[PDB]
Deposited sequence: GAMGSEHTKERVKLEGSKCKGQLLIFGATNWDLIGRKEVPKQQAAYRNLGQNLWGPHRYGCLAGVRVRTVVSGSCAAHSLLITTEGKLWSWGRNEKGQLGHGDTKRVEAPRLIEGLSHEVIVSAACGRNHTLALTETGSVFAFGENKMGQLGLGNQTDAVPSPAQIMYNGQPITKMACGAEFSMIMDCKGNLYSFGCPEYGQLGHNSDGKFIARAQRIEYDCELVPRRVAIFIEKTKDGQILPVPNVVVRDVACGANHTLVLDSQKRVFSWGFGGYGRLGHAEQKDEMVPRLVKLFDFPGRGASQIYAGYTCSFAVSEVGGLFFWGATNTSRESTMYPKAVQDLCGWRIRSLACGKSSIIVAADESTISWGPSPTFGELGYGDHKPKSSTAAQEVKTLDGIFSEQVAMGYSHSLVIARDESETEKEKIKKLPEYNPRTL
């Protein structure tokens, strides 16, 4: 009941940003750009192999950020400064307008803050300061910014309406948000569709009774073999990750919970029903078989177990197949997983000394294989364009990849310099 005071450290990563995949920000996930963006119909291109940004010369990056639903990105510099670029129809870049930005740009409205983390939904963004305060910007039609109201676009960063213990982790779904405090309490806000906010209601009346400020996720449950629903008491959340319409939690006992839309098996409970309350993912409740890391993609889920094995469930290819229960990714047997991301369908992993990627067609370059090389791959492939380059962290939007390339040695710096430089035509 004493309010805790935090000073959060940023990521320990340091390197240069590389990008690959789709960079026509207005075209991503669409057959054509919206009529309003017609001038941009040919701005941006599919980058089939990794590129640097010219505008990032001399800029050292500690965090790269996007989200499986997003056509925008952010980065945090080693000074804790937040920059953003990409699609901006709803103000999700935080630059005070709704104008698309081609290349990384410092967010003036947060330049006096030290930012330690950020998260992206379909059309919104959250940013976390070192003191545990959350700023939100972008679409607020469903209350996903947690500002106490509903508005179509909020293009300038605004502190959320929240007076509890300081926040230490965040995640965003397509039209909702999750924030985790320093005590392990979890709060959600935004669109209640599918029960994705975790309060045992879909809020539907088609209209939604949205949660306009952070609401405590009060109950976590398990289902017994007989079908009995039992509360799991005193869950202390340690991490949270979201796809479009689902959420994963990792708690202090190394247990995984999931809830939201059950379609395609993304919740992992050996069935497809929705869960409107966080539900225990049974596999990770066994002694020594808990999870150490969780990740989410657009319609899928991942966990790395205590002993380091990668598990997947849900669908990377909704047009073809889905997995209803956590399944070991045997192709990565014995590999030490450091970072993982997934977009609509593509997966990228930093493991051992490699970067690994795979996914079905269509792709747009986010696998990183390079020009004149295959565009897709059913199974994991080493990303050979990043030979000799160490990926410290990876991130994905719906159709693009971001990595932090370590640049400590001269050998590394030279390898990174050889990569093409992207200086996109402006406006």
{"property": "Unmodelled ranges, which are counted on the deposited sequence from position 1 and given in order", "result": "1 to 6, 212 to 217"}
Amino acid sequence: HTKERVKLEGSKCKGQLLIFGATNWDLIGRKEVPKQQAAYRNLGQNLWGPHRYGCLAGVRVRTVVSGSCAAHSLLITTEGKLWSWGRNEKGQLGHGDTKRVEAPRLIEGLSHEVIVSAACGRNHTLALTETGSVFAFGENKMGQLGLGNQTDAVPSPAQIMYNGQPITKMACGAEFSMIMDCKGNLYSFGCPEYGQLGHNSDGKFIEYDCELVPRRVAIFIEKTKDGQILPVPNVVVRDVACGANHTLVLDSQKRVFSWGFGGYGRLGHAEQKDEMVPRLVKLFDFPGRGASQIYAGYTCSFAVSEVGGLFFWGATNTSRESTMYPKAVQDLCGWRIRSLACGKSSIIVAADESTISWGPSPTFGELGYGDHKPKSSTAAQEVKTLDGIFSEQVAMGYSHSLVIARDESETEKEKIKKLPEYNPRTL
From here on, numbers count along this sequence of modelled residues.
item: Residue stretch of maximal mean CA temperature factor, 209 to 217 vs 255 to 263; value: 209 to 217
item: Stretch with the higher entry mean CA B-factor, where the candidates are 40 to 48 and 63 to 71; value: 40 to 48
item: Highest recorded Cα temperature factor - choice among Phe286, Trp335, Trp313, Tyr194; value: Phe286
item: Criterion, highest CA B-factor; candidates, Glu222, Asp352, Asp152, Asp274; value: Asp152
item: Third of the chain's Cα B-factor distribution that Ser201 belongs to, per the entry; value: middle
item: B-factor third for the C-alpha atom of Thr363 within its chain; value: middle
item: Chain-relative CA temperature factor third for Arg320; value: lowest
item: Entry-reported Cα temperature factor of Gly96, expressed as the chain third it lands in; value: highest
item: Chain thirds of CA B-factor: placement of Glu79; value: highest
